[PDB]
Amino acid sequence: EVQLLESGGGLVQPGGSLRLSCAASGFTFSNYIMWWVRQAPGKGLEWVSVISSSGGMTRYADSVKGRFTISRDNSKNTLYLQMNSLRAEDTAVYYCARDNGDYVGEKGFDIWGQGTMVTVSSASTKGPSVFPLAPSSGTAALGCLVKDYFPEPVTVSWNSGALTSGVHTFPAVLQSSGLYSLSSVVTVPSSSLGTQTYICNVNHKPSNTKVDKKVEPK
Amino acid sequence: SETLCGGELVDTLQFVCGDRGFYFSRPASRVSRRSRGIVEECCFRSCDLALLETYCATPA
Amino acid sequence: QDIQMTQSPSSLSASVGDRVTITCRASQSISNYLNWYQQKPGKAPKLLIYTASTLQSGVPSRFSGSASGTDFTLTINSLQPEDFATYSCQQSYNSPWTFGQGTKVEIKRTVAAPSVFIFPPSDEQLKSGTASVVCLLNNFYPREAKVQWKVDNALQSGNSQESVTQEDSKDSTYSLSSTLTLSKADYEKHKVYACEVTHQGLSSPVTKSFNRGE
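Looking at the overall build of chain C
Inference 1: For chain C, the count of helices and strands is two helices and 18 strands.
Inference 2: Projected onto the principal axes, the alpha-carbon positions of chain C cover approximately 70 × 35 × 30 Å.
Inference 3: Considering only intrachain contacts with a sequence separation of at least 6, the fraction spanning at least 24 residues in chain C is 57%.

Okay, structure coming up:
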């Protein structure tokens, strides 16, 4: 288990500032040249920044020069991206990635963070309302509707992650309001539908909402 | 430009070091700090034929 | 002067067990420094191939890469249901280590009927002055599906929105939601809420419905 675990993304007004962190585990961090790469909505991946293994030299895509600063702390096994004078066009999922080769990027990037979203916008964060999609009259469906939040994303899990199969969390849709909504549904056997509890866990971090909704028949 | 990174760096070194090869001649030596020291300078800062030549083997 | 990356085709649909061929081109010479990444929806890319043909460890042998003159190709021998993904190339020759835009690979599986389920608005939601009624179409193929709302037999128009999952990595099907949104006032005016589904895998359209209250 080699791992890059990112944190720090969220909503920030234009002109604002955010700092991403990428915490490395399971490898000798200091041997590696590290990368930031971003993916803007419906666009390709693009290089943001690269730092040498000691940290003493750095390089930036033109679009971000003078505004972002990459750094690393080898003692804590962590990589940083300091994003200032944030513009709307910087809105994207931000990945950290490890160098797969020896000549700076010649064999791609082998190990990637999970991605952290960064939204640059004047709009305020809004946490979601979570509503049951109650099962009724072999196999029964139930859900949670996660309504009226901003910005993306929310996490949805069932039974703290204990229930995964038959789960369908739909991509979020933008309502005319400018707010997002999504359902997560699960199909389960009708037999265990008074036998067992079904609970959806909704996390919206941009607003610090964490909701468990108990979904029982009705 | 004045810097070299990635495969263009590798191709340039191979051509520069001819039949001698890289000083850093084994997988284990290409991962070395000394190798990276030269590579990070070429890529992040400035690379010249003299710097490049230091990357080559020196047989008799 | 920055090198631009071009893939073909931008998407394809191919059957399990088929040979899939994806092309990437560079606008300038990148030598043999071309990588392939597999990206599943909302996920970190996964490196498959670097230096045109070198398979990354832990990657199945069915994936291979080739330089093809001044072209590069990724080959998926024996397409599997897990292979549903966007495949993107990346030149590794110079800054800015440019990625192509991707080729969407869909798995062409056999026709499959949706199961249709309807959910009325909760009491919790009604309390707050809005009503969302959700219709689920679960595990179908192909993607195309027609979903009509009726309120006391009157066809709804312009008041619902749809969402579709990405293909499933095991059974290659899609699920869809249609969500009809009404004010609490309008919802209380009416009795019968019906979702009608027309799909290729159904011999006739399927209606699922409830009466408000029941």
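There is more to say, and it comes next.
Focus: the domain arrangement of chain C
Residue and element names in this part refer to chain C.
Inference 1: By domain assignment, chain C separates into domain 1 (1–108) and domain 2 (109–212).
Inference 2: A separation of 37 Å is found between the C-alpha centroids of domain 1 and domain 2.
Inference 3: Across the contact, eight residues belong to domain 1 and nine residues belong to domain 2.
Inference 4: Of the roughly 720 Å² buried between domain 1 and domain 2 on both sides combined, carbon and sulfur atoms contribute 47%.
Inference 5: When the area that domain 1 buries against domain 2 is broken down by residue, the three leading residues are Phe84, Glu106 and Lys108, summing to 54%.
Inference 6: Across the domain 1-domain 2 interface, the total number found is zero salt bridges.
Inference 7: Put simply, domain 1 and domain 2 have five residue pairs in polar contact between them.

Observations concerning helix α1 (residues 6–16) of chain B
Residues and elements named next belong to chain B.
Inference 1: Within the sequence span of α1, burial applies to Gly6, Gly7, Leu9, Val10, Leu13 and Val16.
Inference 2: Buried residues in α1 make contact with α3 (33–44) and α4 (49–54).
Inference 3: Positive phi shows up at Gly18, right after α1, with a value of about 40 degrees.

Considering empty space enclosed by the protein
Inference 1: Here the largest cavity defines a volume of roughly 40 Å³.
Inference 2: Every residue lining the largest cavity is listed: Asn31, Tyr32, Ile33, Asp99, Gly101, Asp102, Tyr103 and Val104 of chain A together with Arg36 of chain B.
Inference 3: Looking at side-chain class alone, the lining of the largest cavity contains four nonpolar, two polar and three charged residues.

Comments concerning unusual backbone geometry
Residues and elements named next belong to chain C.
Inference 1: Between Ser95 and the following residue, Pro96, the backbone shows a cis peptide bond with an omega angle of 5 degrees.
Inference 2: Mapping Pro96 onto the fold places it in the loop between β9 (85–91) and β10 (103–107).
Inference 3: Cis geometry marks the peptide bond from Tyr141 to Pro142, where omega comes out at 0 degrees.
Inference 4: Examined against the element boundaries, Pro142 turns out to sit in the loop between β12 (130–140) and β13 (146–151).

Concerning the sheet that holds strand β3 (residues 20–26) of chain C
Within a sheet, adjacent strands bond to each other through the backbone by hydrogen bonds, running parallel or antiparallel.
All names here are of chain C.
Inference 1: Ordered in space as β1-β3-β8-β7, the four strands form an open sheet in which the pairing is antiparallel. Of all the strands in the sheet, just β1 (5–8) and β7 (63–67) have a single pairing partner and so form its edges. Pairwise comparison of adjacent strand axes, ignoring direction, gives a mean angle of 20 degrees for this sheet.
Inference 2: Note that β7 and strand β8 (residues 72–76) share five bridges and pair antiparallel.

Describing the interface of chain C and chain B
Inference 1: With six residues of chain C at the contact, the number on the chain B side is six residues.
Inference 2: Together, the buried faces of chain C and chain B total about 490 Å²; carbon and sulfur atoms form 49% of this surface.
Inference 3: A per-residue breakdown of the area chain C buries against chain B is headed by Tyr33, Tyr93 and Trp97 of chain C, which together make up 76% of the total.
Inference 4: Here chain C is connected to chain B by zero salt bridges.
Inference 5: For the pair chain C and chain B, the interface holds four residue pairs in polar contact.

Describing the state of the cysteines
All names here are of chain A.
Inference 1: The full count for this structure, using the stated rule, is seven disulfides over all chains.
Inference 2: Here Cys22 connects covalently by a disulfide to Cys96, the sulfurs 2.1 Å from one another. Between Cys22 and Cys96 the sulfur-sulfur dihedral comes to about 80 degrees; the bridge is accordingly right-handed. Pair noted here: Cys22 is in strand β3 (residues 18–25) and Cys96 is in strand β9 (residues 92–99), with a separation of 74 residues, a long-range link.
Inference 3: Overall, the relative accessible area of 0% leaves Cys22 in the buried class.

Topic: α3 of chain B
Inference 1: Its twelve residues give α3 of chain B an end-to-end C-alpha distance of 15 Å, which sits within 8% of 16 Å, the value for a rise of 1.5 Å per residue.
Inference 2: For α3 of chain B, the full list of buried residues reads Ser35, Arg36, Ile38, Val39, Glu40, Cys42, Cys43 and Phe44 of chain B.
Inference 3: Packed against the buried residues of α3 of chain B are β5 (45–51) and β6 (58–60) of chain A together with α1, α2 (27–30) and α4 of chain B.

Topic: the UniProt feature "disulfide bond" in chain B
Residues and elements named next belong to chain B.
Inference 1: Regarding the annotated cystine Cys5-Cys43, the two sulfur atoms come within 2.1 Å of each other, below 2.5 Å, so the disulfide is formed in this entry. Of this pair, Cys5 sits in the segment before α1 while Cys43 sits in helix α3; the two residues are 38 residues apart in sequence, bridging distant segments of the chain.
Inference 2: Classification of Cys43 by relative accessible area gives buried; the value is 0%.

A look at the sheet that holds strand β4 (residues 34–39) of chain C
Residue and element names in this part refer to chain C.
Inference 1: Strand order across the open sheet formed by six strands is β2-β10-β9-β4-β5-β6, with mixed pairing between neighbours. The open sheet terminates on both sides in strands that have one partner only, identified here as β2 (11–14) and β6 (54–55).
Inference 2: Relative to β6, strand β5 (residues 46–50) is paired through two bridges, and the arrangement is antiparallel. Note that in β6 the partner of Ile49 across the bridge is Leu55.

Digging into the packing of aromatic side chains
Inference 1: One pass over the full model with this rule turns up 23 aromatic pairs over all chains.
Inference 2: Measuring from centroid to centroid gives 5.2 Å for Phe22 of chain B and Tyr55 of chain B, while their planes differ by 80 degrees, and the two rings are edge-to-face. Of this pair, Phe22 of chain B sits in the loop between α1 and α2 while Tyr55 of chain B sits in the segment after α4, and the two are 33 residues apart along the sequence.
Inference 3: In this structure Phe22 of chain B comes out as buried when scored by relative accessible area, which is 13%.
Inference 4: With a relative accessible area of 1%, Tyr55 of chain B lands in the buried category.
Inference 5: Its guanidinium or amino end placed over the ring of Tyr80 of chain A, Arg19 of chain A lies 4.8 Å from that ring's centre, counting from NZ or CZ.
Inference 6: In this structure, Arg98 of chain A is placed above the aromatic ring of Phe27 of chain A, and the distance from its NZ or CZ to the ring centre is 4.7 Å.

The rules behind the values
- Residues numbered from 1 in each chain as written, not as in the entry; some residues may be left out.
- Chains lettered and ligands numbered in written order.
- Heavy atoms only, no water.
- Residues with missing side-chain atoms left out of burial classes, pairs and counts.
- Helix = DSSP H or I, 4+ residues; strand = E, 2+ residues; numbered from the N terminus.
- Contact = heavy atoms within 4.5 Å.
- Domains from an automatic or database assignment.
- Buried area = accessible area lost by both parts, 1.4 Å probe.
- Salt bridge = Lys/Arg side-chain N within 4 Å of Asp/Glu carboxyl O.
- Polar contact = N/O pair within 3.5 Å; in protein donor to acceptor, adjacent residues only side chain to side chain.
- Buried < 20%, exposed > 50% of the residue type's maximum accessible area, 1.4 Å probe, protein only.
- 1 Å grid on protein atoms, 1.4 Å probe; cavity = no way out; pocket = protein on both sides within 12 Å on 5 of 7 lines; lining within 4 Å.
- Points joined across faces, edges and corners; volume = space filled by probe spheres on them.
- Nonpolar A, V, L, I, M, F, W, Y, C, P; charged D, E, K, R; others polar.
- Pairing = 2+ DSSP bridges.
- Axes fitted to C-alpha atoms, helices over the stretch in contact; angles between N-to-C directions.
- Disulfide = S-S within 2.5 Å.
- Expected span 1.5 Å × (residues − 1).
- UniProt positions renumbered as here; feature names shortened; annotations may be inferred.
- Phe/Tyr/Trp six-rings, centres within 6.5 Å; stacked < 30°, edge-to-face > 60°.
- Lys NZ or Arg CZ within 6 Å of the ring centre and 35° of its normal.

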